[PDB]
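# Descriptive analysis of the structure
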Amino acid sequence: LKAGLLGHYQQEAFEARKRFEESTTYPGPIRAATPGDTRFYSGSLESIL
Amino acid sequence: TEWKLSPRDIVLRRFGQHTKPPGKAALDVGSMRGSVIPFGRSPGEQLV
Amino acid sequence: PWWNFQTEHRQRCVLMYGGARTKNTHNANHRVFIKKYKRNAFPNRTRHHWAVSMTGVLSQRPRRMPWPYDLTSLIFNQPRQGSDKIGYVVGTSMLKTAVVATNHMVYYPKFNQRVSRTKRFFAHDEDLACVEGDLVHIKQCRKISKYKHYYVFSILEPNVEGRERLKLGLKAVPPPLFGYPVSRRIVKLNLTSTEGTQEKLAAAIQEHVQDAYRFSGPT
Amino acid sequence: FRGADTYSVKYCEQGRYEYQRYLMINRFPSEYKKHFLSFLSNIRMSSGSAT
Amino acid sequence: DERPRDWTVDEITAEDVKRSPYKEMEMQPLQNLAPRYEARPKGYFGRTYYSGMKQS
Amino acid sequence: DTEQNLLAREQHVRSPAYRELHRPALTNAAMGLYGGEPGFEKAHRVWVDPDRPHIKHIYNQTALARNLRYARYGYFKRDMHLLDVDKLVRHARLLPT
Amino acid sequence: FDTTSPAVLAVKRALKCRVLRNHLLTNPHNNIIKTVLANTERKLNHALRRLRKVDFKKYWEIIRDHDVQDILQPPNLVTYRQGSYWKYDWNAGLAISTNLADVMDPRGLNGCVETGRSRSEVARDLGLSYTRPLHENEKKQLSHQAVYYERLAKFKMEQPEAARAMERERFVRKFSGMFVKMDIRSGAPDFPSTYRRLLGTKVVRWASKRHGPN
C-alpha cells in the first residue's frame, strides 16, 4: 500500500479514537474472560506427543 | 423520478463510450535505459 | 583505515574455504550464438529464444533488490521479514481461506526508484468473517494446508457494503465482466437462431480448416 | 597506503557497554513460550558431575 | 484405576507421577534433562569482529 | 404456452451441432508440439453463446487477445440470414436506431 | 445553499449520465457525447465510491431506491485479483472512514498481541459470533460433513465383508508403497515446486511445477 498516506491516516487514527472516548459512555468494568488456546504457533509442525 | 442506468452497458462500453488515453503516462521500468543521477547528467547547460 | 564490508566478506571466505578466490575468472571470452531452427519456427508458443540469455537471480541487468522500507516496516515491528502483513481480501470462494493481496517494494538503483509488486496469500479464518473488501492484518504461522501458512490476525477495516449485500442474498462483490481469455484467437460471441447453427458450424470448421491450411505455407 | 592514520579520542575514552542502544527485539509468543521453557529447564539442572 | 491421580481440566497428566498432586512440591531439580550450550555461531566465527553479521 | 419455448431451447442446446460449435479451446497437447509449426502453434477459433457461456469472463482487456471491439454491430452484419435479433438487441455494441 | 455534498454530487453525476445516455439513444452518431458520457460515468463512480465510505446509509438508500445494485463493480478480474480495486479505498484516504462502534462490535475484530490468538479465537473466548451470511453452497459445505460420516459408519456396520476387503486393499496399497519412509522429500508440502528439476526427466506424475500462489 501507499506509505506516504500513513501519517495523515494516523491523524484520523487519532481523530476517531478521541472521538470514541468522548462519544460512548462506559457503563462499568466488564469481567475478564479467560483466554483459550491458539492453533497458529510459529515454526514447523509439532507432534501429538 | 427514475434512473434507467444499467452497469452492464457502462462496463462493456455500449453506445461507443470513448475514454481518451493520457499523453505518454505509461511510467514503466522496462523501457528506461538510462542511469538516473541527481541533477541529471549535465545539470547546468547554457546555450551559447 | 576503515575497511569496507567486502573486507569482512573476504575474511569470512578465507576462514571458511582457506582462500578468498582463485584469480582469472573473467577471461574476456567471446560467447557466440549459433542458431539451429528456422526463421519464425522456434519450438515455443510465447518466448522465442534467439540471443544469449543471461542466467542469474540477483546478478542480472537491470539490477533489482528488495526494498525493506515500506508501510509494513513503518507500522509493524517484525521478528523477521514477512511475518506480519497488511492487505485486502479479494477471494472467499474457499472454506476457511481468505485470499489476501499484499504489496511489497522492489528497488531499482540504476533508475533510483521503488516499485510496488503484489503477492497473493491464502489466510485462515475459522468463523468465516472475512468478506471480500476487508483491509486485514495477517500473520505468519504453521503450515495449515499446502498453500496456507498465514492467518487473519485482525480485520482492520470491514467491508460494510459486502456484508449488507450478503444480507440481501446477493454476492458480496458483483462479479467482473472482463477477465482472462481462453486463447489468443479473438473469442467471437455466436448469436444465431436454432436453425442457422449448422451453417455457422460449417463456417467455423471451414475457418479451422483454413488455419490448418496455413501449415502449407506458399500456394 | 594509510601508513599514518589516527582515530578519534572518543574511541579510547569510552567506558564499557555504553555504545549499546536499547533495541526492542520482539518475537512470536510461541517462541516466547519455547525460550522461557528452555531457560527454565536449563536453570533447574541438577548438580551432578556434569553441572 | 482408569482415572489418573492428577486429573485437572487442562488434561495434563504425568505417566510416572506416583504421588497425589497436593503432596508433591511445586518446583524441584530436573534430573532427567541435560544442560546444552550454543554450539552453532550465527555470524561471528573467527579473527576480527567487524560487524558480526547481526542482521543475518 | 411457455413450456414449448423452454423445451425447444433445451433440445437445441443438446443438439450435436450446438455442442460441436461451442467446444472449448484445444490444449497445447491437442494441437501438437511446443510450437514452430504454423497453424498449430495456437488454439482454434472459440465461439461462445452469450446467454449460456461455456467460459467465464467472455471479454478481456489483454494486449493481443482483446475482443471487446469485435463484439460490436457490424461483425454480425456478415450473417444476417442466420442471425437472432433477440441476442442482437441484448448482446451487441454501438447498435443504431 | 449546499450543492457539494457527496450524496448530492453523486445524484447530480447520475442525472447527467442519464441525460447523456438519453441523448446517445436517439442520436448515436454524436462523438462528443460519447466522450462526455465516458468521463461522467467515471466521475459518477468516484462520487459514489467516496459516498459509500463517508456516508453508507445515504449510499445504500440511493442504491436501493433507483434499482442500480451493481453500479460499483470491478471491470476486470485480473486487476481485481491483485487487490487494485480495493486499493482505491487506501489511495483516496477512505480506509478508516467507517465508524466501528455503530456497525459491529469491535472487541472481536482485533487479535490478541499477548497470547497470539487470532481474530476468531478472541471472539470465541468472548462468546461473540462474527459470520457472514452464507449462500446455499456454503451451508451445503458445512452441513454435509456429518452425512458422509454416518454413511461410512453405516457401511462399516452393515457390510463388514466388503469394508474389510476395502480396508485390506487400502492397507496393502499404503504399506507396499515406495515413498513410505518419512524423509525430507516426503515431508515437503509442495513436491513439484520444491523438486521441480525431476518433473521433466525423472518424474512423470506431475506435469507442472506451479499449482498455487507460491
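Listed as the method for this PDB entry is cryo-EM; the listed resolution is 3.1 Å.

## Notes on the interface of chain G and chain C
Interface size is commonly expressed as the accessible area that is lost once the parts come together. Residue-level contacts link 53 residues of chain G with 53 residues of chain C. The junction of chain G with chain C conceals about 5000 Å² of combined surface from both sides, 58% of it contributed by carbon and sulfur atoms. If you look at where chain G meets chain C, you find five salt bridges. Measuring nitrogen to oxygen at the nearest pair gives 3.6 Å for the salt bridge that ties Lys-53 of chain G to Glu-157 of chain C. Elements represented by at least two residues in the side of chain G that touches chain C include exactly α2 (31–54), α3 (56–65), α4 (77–80), α5 (87–91), α6 (119–126) and α7 (136–143) of chain G. Of the residues contributing to the side of chain G that touches chain C, the split by class is 25 nonpolar, 17 polar and eleven charged.

## A few points about the pairing of strand β4 (residues 113–123) of chain C
The side chains of a regular strand alternate, residue by residue, between the two faces of the sheet. All names here are of chain C. As paired elements, strand β3 (residues 97–108) and β4 share eleven bridges and run antiparallel to each other. Within the sheet, the bridge partner assigned to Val-100 lies in β4 and is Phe-121. Connecting the antiparallel pair β3 and β4 is a turn made up of four residues, with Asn-112 showing a positive phi of about 55°.

## Description of the packing of helix α1 (residues 6–26) of chain G against α2 of chain G
All names here are of chain G. It is the contact of α1 with α2, at a shortest axis distance of 8 Å, that shows an interaxial angle of 155°. The angle between α1 and α2 places the two elements in the roughly antiparallel class. Seen from above, α1 lies across α2 with left-handed handedness. Residue composition of the contact of α1 with α2, by class: 16 nonpolar, two polar and seven charged.

## Points about the interface of chain B and chain G
Tallying the contact residues gives 16 residues for chain B and 22 residues for chain G. When chain B packs against chain G, close to 1900 Å² is buried across both sides, 65% of that on carbon and sulfur atoms. Interface area lost by chain B to chain G is led by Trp-3, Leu-5 and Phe-15 of chain B, which between them contribute 45%. Linking chain B to chain G there are zero salt bridges. Our count for the contact surface shared by chain B and chain G stands at two residue pairs in polar contact.

## Examining the nonpolar core
Counting 47 residues, the largest nonpolar core has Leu-48 and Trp-90 of chain G as its most contacted members. Those residues within four positions of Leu-48 of chain G in sequence are excluded, and the remaining contacts are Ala-10, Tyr-59, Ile-62, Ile-71 and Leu-72 of chain G.

## Here we look at α6 of chain G
Among the eight residues of α6 of chain G, six are classified as buried, and the element is accordingly described as predominantly covered. Restricting attention to buried positions, one finds in α6 of chain G the residues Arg-119, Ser-120, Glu-121, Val-122, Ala-123 and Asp-125 of chain G. Next to the buried residues of α6 of chain G lie β6 (150–157) of chain C. Where α6 of chain G terminates, the next one or two residues include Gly-127 of chain G, which has phi positive at roughly 75°.

## A few points about the arrangement of the chains
Regarding chain B and chain E, which are not in contact, the minimum distance between any of their C-alpha atoms is 29 Å. In this structure chain E stays clear of chain F, and the shortest span between their C-alpha atoms is 42 Å.

## Let's talk about the pattern of salt bridges
Once the charged atoms of two side chains with opposite charge are near each other, the side chains can pair. For the coordinates displayed, the defined rule picks out 31 salt bridges over all chains. With a shortest N-O distance of 3.5 Å, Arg-49 of chain G and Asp-89 of chain G are connected by a salt bridge. You can see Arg-49 of chain G sitting in helix α2 and its partner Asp-89 of chain G sitting in helix α5, a full 40 residues away along the chain. When its relative accessible area of 2% is taken as the criterion, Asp-89 of chain G is described as buried. One salt bridge in this structure joins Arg-107 of chain G and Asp-105 of chain G, with 3.1 Å as the shortest N-O distance. Residue classification places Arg-107 of chain G among the partly exposed residues on the basis of a relative accessible area of 39%. In this structure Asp-105 of chain G comes out as partly exposed when scored by relative accessible area, which is 28%. Each member of the salt-bridge network shares a partner with another, and the members are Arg-9, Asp-49, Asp-51, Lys-87 and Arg-90 of chain F.

## Regarding the pairing of strand β5 (residues 135–140) of chain C
Residues and elements named next belong to chain C. Taking burial as the measure, the six residues of β5 include six buried ones, the bulk of the element. Covered by surrounding structure in β5 are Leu-135, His-137 and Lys-139 together with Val-136, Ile-138 and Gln-140, the residues of both alternating faces. Examined bridge by bridge, β5 and β6 share six bridges and lie antiparallel to one another. What sits directly across from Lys-139, in β6, is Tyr-151.

## Overview of the packing of helix α3 (residues 160–167) of chain C against α3 of chain G
Here α3 of chain C crosses α3 of chain G at 45°, and the two axes come no closer than 12 Å. Between α3 of chain C and α3 of chain G, the interaxial angle falls into the category oblique. The two elements α3 of chain C and α3 of chain G cross, and the hand of that crossing is right-handed. Between α3 of chain C and α3 of chain G, the residues in contact are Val-160, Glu-161, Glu-164 and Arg-165 of chain C and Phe-56, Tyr-59 and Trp-60 of chain G, respectively. Among the residues forming the contact of α3 of chain C with α3 of chain G, the class breakdown is four nonpolar, no polar and three charged.

Scoring rules and cut-offs
- Each chain is numbered from 1 in the order of its written sequence, a scheme that can depart from the entry numbering, and any residue without coordinates is omitted.
- Ligands are numbered from 1 and chains lettered from A, in the order in which they are written.
- All values in this description refer to the chains shown, which are themselves only part of a larger assembly.
- Each side-chain value is derived from all of the structure's non-hydrogen atoms; neither hydrogens nor water enter the calculation.
- Residues with missing side-chain atoms are left out of burial classes, side-chain pairs and their counts.
- Should any heavy atoms of two residues lie within 4.5 Å, those residues are considered in contact.
- Defined in terms of a 1.4 Å probe, buried area is the accessible area two parts forfeit on being brought together, summed over both.
- When a carboxyl oxygen of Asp or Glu lies within 4 Å of a side-chain nitrogen of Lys or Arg, that pair is called a salt bridge.
- Strands are runs of DSSP state E lasting at least 2 residues, helices are runs of H or I lasting at least 4, and numbering of each runs from the N terminus.
- In the scheme used here, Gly and all other residues not listed as nonpolar or charged are polar, with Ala, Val, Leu, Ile, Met, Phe, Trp, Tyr, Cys and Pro taken as nonpolar and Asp, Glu, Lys and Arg as charged.
- For two strands to be treated as a pair, DSSP must find at least two bridges joining them.
- Angles here are taken between N-to-C directions and fall from 0 to 180 degrees, while the axes themselves are lines fitted to C-alpha atoms, restricted in helices to the stretch in contact.
- Should an angle fall under 35 degrees it is called roughly parallel, over 145 degrees roughly antiparallel, and 65 to 115 degrees roughly perpendicular, with every other angle called oblique.
- Here a crossing is taken to be left-handed if its near helix is turned anticlockwise relative to the far helix by less than a right angle, and right-handed if that turn runs clockwise.
- Polar contact is defined as a pair of N or O atoms within 3.5 Å, subject to the rule that within protein one atom must be able to donate a hydrogen and the other to accept it, and that residues adjacent in sequence are counted only when both atoms are side-chain atoms.
- Note on terminology: a nonpolar core comprises buried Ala, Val, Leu, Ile, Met, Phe, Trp, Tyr and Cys residues joined through side-chain atoms within 4.5 Å.
- Summary of the burial criterion: residues with accessible area below 20% of their type's maximum are buried, those above 50% are exposed, and those between are partly exposed, where the area comes from a 1.4 Å probe applied to protein chains only.

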